[PDB]
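# Report on the structure
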Amino acid sequence: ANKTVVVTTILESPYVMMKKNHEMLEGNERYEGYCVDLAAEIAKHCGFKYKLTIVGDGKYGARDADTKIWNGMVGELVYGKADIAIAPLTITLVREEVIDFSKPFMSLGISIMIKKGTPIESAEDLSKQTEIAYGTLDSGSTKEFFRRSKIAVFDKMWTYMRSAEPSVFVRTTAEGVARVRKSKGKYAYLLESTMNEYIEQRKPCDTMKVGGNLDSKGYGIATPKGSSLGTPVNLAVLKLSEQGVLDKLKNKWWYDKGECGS
Ligand SMILES: CC(C)S(=O)(=O)NC[C@H](C)c1ccc(-c2ccc([C@@H](C)CNS(=O)(=O)C(C)C)cc2)cc1
Ligand SMILES: C=C(C)[C@H]1CN[C@H](C(=O)O)[C@H]1CC(=O)O
């Protein structure tokens with residue numbers, strides 16, 4: 001018999017956040033956000049009951065080089081702790097080797113966030129100077145993009161980033177944004193275009209996404225290999241795409257209540 005599906009997700013705005021009064025609420029109603037709405041829609045279309053759970057270690061999915069153990073949401077799928085991950089989980093080769101990804105439900109690319117007024121318009125711009133420091137998260141797909149790259153500009157940027165003092169890496173999105181804002185234009189934060197756009201729409205409206213994206217990829221819903229859930233989840237993403245629901249949800253959580261005008 002079918003079971004209540006365990007959905008692993010993560011606290012990251014505007015994808016998932018706890019409602020302000022979550023202590024007096026229970027279960028799935030404790031949370032709100034893009035991925036909460038998406039989870040609800042996927043569950044509706046696939047006809048399953050589910051329980052939203054926040055990933056234990058608060059990570060996305062990387063494999064320890066020594067222990068070979070997978071962490072984060074990917075880890076929870078791999079080790080049978082959860083049935084599906086619904087989050088801004090970037091589709092990458094190393095992850096798709098061990099879990100199944102649906103077709104992407106949101107597009108994004110690595111992008112540059114600057115404090116307004118920063119004389120930077122592209123990654124090449126960053127790569128040609130040191131006055132304005134720049135960095136990525138200390139773990140995740142962006143950092144890996146830089147570590148792995150064979151492209152000259154990106155390789156130059158990685159070389160700079162790994163040796164820059166003090167460390168140009170940050171541990172959370174909030175930290176990157178905060179560093180940008182506090183640095184009077186002396187720090188630029190490399191982050192997924194989706195988060196960049198989100199933050200750009202929030203007071204005090206002092207950040208800006210600049211330039212084209214450095215790459216082009218997507219977020220996908222993840223399930224363990226051979227899961228019975230994989231096919232219907234994928235078909236559900238397809239259907240929600242074609243009926244305009246994904247566009248509607250992104251507008252809902254990104255732009256509808258934007259605080260920085262039009
Ligand atoms: C990791 C990469 C291989 S990738 O991200 O999968 N594709 C690379 C290529 C540049 C690319 C990157 C992103 C997208 C893209 C296009 C659309 C979407 C959403 C809106 C819908 N995805 S869908 O499968 O086309 C749809 C019919 C449900 C999400 C991602 C399409 C192609
Ligand atoms: C927010 C985090 C740490 C996640 C979100 N997507 C990327 C991932 O799935 O690895 C990470 C962001 C990044 O690497 O810039």
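- This deposited entry lists X-ray crystallography as its structure determination method and 1.8501 Å as its resolution.

- As recorded by the PDB entry, the protein chain carries the name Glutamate receptor 2 and is attributed to Rattus norvegicus.
- The deposited PDB record carries the title "GluA2flip sLBD complexed with kainate and (R,R)-2b crystal form C".

### A few points about the domain arrangement of the protein chain
- Structurally, the protein chain comprises domain 1 (3-108 + 218-257) and domain 2 (109-217).
- Taken over C-alpha atoms, the centre of domain 1 sits 25 Å from the centre of domain 2.
- Opposite the 17 residues of domain 1 that make contact, domain 2 presents 15 residues.
- For the pairing of domain 1 and domain 2, the buried interface totals around 1,300 Å² over both sides, and the portion due to carbon and sulfur atoms is 50%.
- Area buried by domain 1 at its contact with domain 2 is led by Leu108, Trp254 and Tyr255, which between them contribute 39% of it.
- Inspection of the domain 1/domain 2 interface yields one salt bridge.
- Between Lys250 and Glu197 there is a salt bridge; the shortest N-O distance is 3.0 Å.
- Linking domain 1 with domain 2 are eleven residue pairs in polar contact, by the criterion used here.
- Secondary-structure elements contributing two or more residues to the side of domain 1 that touches domain 2 are strand 7 (106-108), strand 12 (217-219) and helix 10 (245-255).

### So, the UniProt feature "binding site: L-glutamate" in the protein chain
- The UniProt record annotates "binding site: L-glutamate" at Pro88, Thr90, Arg95, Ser141, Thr142 and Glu192.
- For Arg95, the location among the structural elements is in helix 3 (residues 93-96).
- The buried category is assigned to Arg95, whose relative accessible area is 5%.
- What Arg95 contacts, discounting residues up to four positions off in sequence, is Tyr60, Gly61, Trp70, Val74, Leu89, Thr90 and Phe101.
- Turning to its location among the elements, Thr142 is positioned in helix 5 (residues 141-148).
- The contacts of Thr142, once residues within four sequence positions are left out, are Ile110, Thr136, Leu190 and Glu192.

### Topic: the nonpolar core
- Residues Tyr34, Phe146 and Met161 are the most contacted members of the largest nonpolar core, which totals 66 residues.
- Built from parts of two domains, this core gets at least three residues from each of domain 1 (3-108 + 218-257) and domain 2 (109-217).
- If you look at the next biggest cluster of nonpolar residues, it comprises 13 residues, including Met73, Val74, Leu89 and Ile99.

### Notes on the sheet that holds strand 9 (residues 133-135)
- Taken in spatial order, the four strands make up an open sheet running 9-10-8-11, and their pairing is mixed. Strand pairing shows two members of the sheet lacking a second neighbour, strand 9 and strand 11 (207-210), which therefore form its edges. Within the sheet, the average angular offset between the axes of one strand and its neighbour, ignoring direction, is 30 degrees.
- By the bridge criterion, four bridges tie strand 8 (residues 110-115) to strand 10 (residues 187-192) in an arrangement that is antiparallel. In the strand pairing of strand 10, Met113 is matched with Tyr189.
- Of the strands in this sheet, strand 8, strand 10 and strand 11 are in contact with helix 7 (residues 173-182), which crosses strand 10 at around 150 degrees.

### Structural notes on the site of ligand 2
- Looking at ligand 2, the residues that line it are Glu12, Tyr60, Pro88, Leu89, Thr90, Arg95, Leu137, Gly140, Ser141, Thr142, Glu192 and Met195.
- With respect to ligand 2, the backbone of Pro88 contributes an N or O atom lying 3.1 Å from a nitrogen atom.
- At a separation of 2.8 Å, a nitrogen atom of ligand 2 approaches a polar side-chain atom of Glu192.
- In the complex, the protein chains occlude 92% of the 380 Å² of accessible area that ligand 2 would expose alone.
- In terms of residue class, the shell around ligand 2 is made up of five nonpolar, four polar and three charged.
- Both domains that furnish three or more residues to the shell around ligand 2 are identified here as domain 1 (3-108 + 218-257) and domain 2 (109-217).

### Here's the deal with the site of ligand 1
- Around ligand 1 lies a shell formed by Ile91, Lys103, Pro104, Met106, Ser107, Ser216, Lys217, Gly218, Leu238 and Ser241.
- A distance of 2.8 Å is found between a nitrogen atom of ligand 1 and a backbone nitrogen or oxygen belonging to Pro104.
- Between ligand 1 and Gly218 there is a distance of 3.1 Å, counted from an oxygen atom to a backbone nitrogen or oxygen.
- The protein chains hide 53% of the 700 Å² of surface that ligand 1 would expose on its own.
- Class assignment for the residues of the shell around ligand 1 results in four nonpolar, four polar and two charged.

Criteria and cut-off values
For every chain, the first residue of the written sequence is numbered 1, i.e. counting runs from 1 onward, and this need not coincide with the entry's numbering; residues without coordinates are not included. Lettering for chains starts from A, numbering for ligands starts from 1, and both go in the order in which the items are written. Side-chain measures were taken over the full set of non-hydrogen atoms in the model, leaving aside hydrogen atoms and water. Residues with missing side-chain atoms are left out of burial classes, side-chain pairs and their counts. For each domain, the first and last residues come from an automatic or database assignment. In this description, contact between two residues means that some pair of their heavy atoms is separated by no more than 4.5 Å. Buried surface area refers to the total accessible area, computed with a probe of radius 1.4 Å, that the two partners give up upon joining, counted for both partners together. In what follows, salt bridge is the name for a side-chain nitrogen of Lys or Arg lying within 4 Å of a carboxyl oxygen of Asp or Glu. Each polar contact in these results corresponds to two N or O atoms within 3.5 Å; when the atoms are within protein, one needs to be able to donate a hydrogen and the other to accept it, and residues that are neighboring in sequence are counted only if both atoms are side-chain atoms. Numbered from the N terminus, helices here are DSSP runs of H or I no shorter than four residues, and strands are runs of E no shorter than two. UniProt positions are given in the numbering used here, feature names are shortened, and annotations may be inferred rather than shown by experiment. A simple rule labels every residue: compare its accessible area, found with a 1.4 Å probe on the protein chains alone, to the largest value its type can have, and call it buried under 20%, exposed over 50%, or partly exposed in between. We define a nonpolar core as any set of buried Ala, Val, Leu, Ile, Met, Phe, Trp, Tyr and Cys residues linked to one another through side-chain atoms lying within 4.5 Å. Note on pairing: two strands pair once DSSP finds at least 2 bridges between them. Under this scheme, a helix contributes an axis fitted over its contacting stretch, all axes are lines through C-alpha atoms, and angles between N-to-C directions fall in the 0 to 180 degree range. Any residue with a heavy atom lying within 4 Å of a molecule or strand is counted as near it. Accessibility throughout is a Shrake-Rupley quantity obtained with a 1.4 Å probe, and a residue counts as covered only by protein chains that appear here. Residue polarity follows a fixed list, in which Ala, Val, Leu, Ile, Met, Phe, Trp, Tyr, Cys and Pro are nonpolar, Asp, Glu, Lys and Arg are charged, and the others, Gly among them, are polar.

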